[PDB]
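Chemist: Coordinates for the following, if possible.
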Amino acid sequence: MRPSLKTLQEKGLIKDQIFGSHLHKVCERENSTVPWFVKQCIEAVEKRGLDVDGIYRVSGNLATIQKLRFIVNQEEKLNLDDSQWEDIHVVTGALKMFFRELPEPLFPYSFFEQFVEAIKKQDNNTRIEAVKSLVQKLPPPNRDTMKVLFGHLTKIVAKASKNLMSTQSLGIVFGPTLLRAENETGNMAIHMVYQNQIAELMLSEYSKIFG
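Modeler: Residues are numbered from 1 along each chain as shown. Structure as follows:
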């Protein structure tokens, strides 16, 4: 006679507090524009992940990621220096899982057509300006979380000699993770290029887009 997820949530045993909630609800609860969990993961990756081969491409142990997620959902105190989290790929995996589990992607669906128009622009400086305009129209949690995440990712790129990542391979990872445009009505191959190109531009032109 094992209780349901409804039961466990009612009873109060399983919170499911963070993962799967809108960015706006997570941020409203913490009184933030960037979720604490995102900043924690970023900090751990900067501390001990910048030189690691295939950082963000390599997968951590999903069973350990799932326990990381659970602890965070239980709103327990998280310390990423604990030996349990020693594989930095569990941290990167949990960060990506957070973005994948948002009910709406970091790049809102209402903005996707506008961002696509933006990267289609005839030359790179037009593109930069169009995309920067759009970031200024976002709800502050989406803009501020983009700034923090892309700002972090520029540091991955800078250490490419040590981590073997590039703007292109991070765009392959973060395109689908942040824009989730594969299945929007239209052509899938095309939507996949659109989102990877948008992620690449936000990364490679971070300074001009975000200051």
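Chemist: my read: residue 169 touches residue 57, true?
Modeler: Yes - Residue 169 lies in contact with residue 57 (C-beta atoms under 8 Å); the separation is 6.0 Å. In this view, the C-beta of every residue, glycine as well, is placed from N, C-alpha and C.
Chemist: So if I had to pick from the two, which one is more boxed in?
Modeler: Taking residue 169 and residue 57 together and counting by other C-beta atoms under 10 Å, residue 169 has the greater number of neighbours (19 against 15).
Chemist: Residue 82: how many residues sit nearby?
Modeler: Counted with other C-beta under 10 Å, residue 82 comes out at 8.
Chemist: What separation is there between the nearest residue to residue 160 once chain neighbours are set aside and residue 23?
Modeler: Computed as C-beta to C-beta, 6 or more residues apart in numbering, the closest residue to residue 160 that is not its neighbour in sequence is residue 166, at 5.8 Å. As judged by C-beta to C-beta, to the nearest Å, residue 166 and residue 23 stand 27 Å apart.
Chemist: between those two, who's got more neighbours?
Modeler: Each of residue 166 and residue 23 has its neighbours counted (other C-beta under 10 Å); residue 23 has more, 23 against 15.
Chemist: That one contacts residue 144, doesn't it?
Modeler: No - with contacts counted by C-beta under 8 Å, residue 23 stays clear of residue 144, the gap being 10.0 Å.
Chemist: Which residue is the nearest non-sequential neighbour of the residue nearest in space to the middle of the chain?
Modeler: Nearest to the mean C-alpha position of the chain, counting by C-alpha atoms, centre = their mean, stands residue 99 at 4.5 Å. Leaving aside its sequence neighbours, residue 99 sits nearest to residue 177 (C-beta to C-beta, 6+ apart; 5.0 Å).
Chemist: Test my guess that the one you found contacts residue 95.
Modeler: No - using C-beta under 8 Å as the test, residue 177 is too far from residue 95 to be in contact (9.1 Å).
Chemist: okay, now residue 38: neighbour count?
Modeler: 21.
Chemist: List the contacts of it.
Modeler: Residues in contact with residue 38 (C-beta atoms under 8 Å, 6 or more residues apart in numbering) are 95, 98, 145, 148-149.
Chemist: Output the helix or strand hosting it in PDB with nothing but the alpha carbons.
Modeler: Using DSSP states H and E, residue 38 sits within helix 36-48. Taking Å, rounded to 0.1, in the frame of the first residue of the first chain, the C-alpha atoms of helix 36-48 are listed here in PDB:
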ATOM      1  CA  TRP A  36      19.700  30.300  -6.600                       C
ATOM      2  CA  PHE A  37      20.100  26.800  -8.000                       C
ATOM      3  CA  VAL A  38      21.300  28.200 -11.300                       C
ATOM      4  CA  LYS A  39      23.900  30.400  -9.500                       C
ATOM      5  CA  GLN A  40      25.000  27.500  -7.300                       C
ATOM      6  CA  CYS A  41      25.600  25.200 -10.300                       C
ATOM      7  CA  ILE A  42      27.400  28.000 -12.200                       C
ATOM      8  CA  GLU A  43      29.600  28.600  -9.200                       C
ATOM      9  CA  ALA A  44      30.600  24.900  -8.900                       C
ATOM     10  CA  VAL A  45      31.400  24.700 -12.600                       C
ATOM     11  CA  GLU A  46      33.500  27.800 -12.400                       C
ATOM     12  CA  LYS A  47      35.300  26.500  -9.300                       C
ATOM     13  CA  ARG A  48      36.100  23.100 -10.600                       C
END
